[PDB]
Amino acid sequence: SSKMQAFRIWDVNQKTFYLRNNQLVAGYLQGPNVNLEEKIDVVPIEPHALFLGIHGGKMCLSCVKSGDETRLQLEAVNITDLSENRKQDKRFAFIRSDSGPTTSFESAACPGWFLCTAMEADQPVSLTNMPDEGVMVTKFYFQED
């Protein structure tokens, strides 16, 4: 909308985000690979609501459902060109919930689905229909640079 701001993100299990075959995955990065960490560029819609993206907001995260298969995906769309008034753009918006020192993101377009990482390292970042299960990690540390 107006401007964007870079954020650092890593789940409670210290995993960070990076690209593997143009697919966002979570894992542990060592000294040399530290430069591969992806920061999250955000544009605030309203308080507790925002658009998430990477690479200077050139690509944005979104939730799409193929029939019944709800999945997360990166799209080549500039974060600033997104509007809360355009129906389609809802897929790039997430609702920020805060639990003490941690944060959680719910898909605006896919209610009930939260952003999550797996317990096993180097797995793609996905969406979970069951945050209660605890099998997937839904809590992150979202801090602005």
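All residue numbers refer to positions in the sequence shown, first residue = 1.
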Worksheet entry | 104 to 112 set against 84 to 92, stretch whose average Cα temperature factor tops the other in the entry | 84 to 92
Worksheet entry | Residue range whose averaged C-alpha B-factor is higher in the record, 5 to 13 or 129 to 137 | 129 to 137
Worksheet, complete the sentence: Among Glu69, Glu120, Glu38, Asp41, the highest C-alpha B-factor in the PDB entry belongs to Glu69
Worksheet, complete the sentence: Assert third(CA B-factor, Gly57) within chain per record equals middle
Discussion item. Which third, lowest, middle or highest, does the C-alpha temperature factor of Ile79 belong to within its own chain?
Written reply: highest
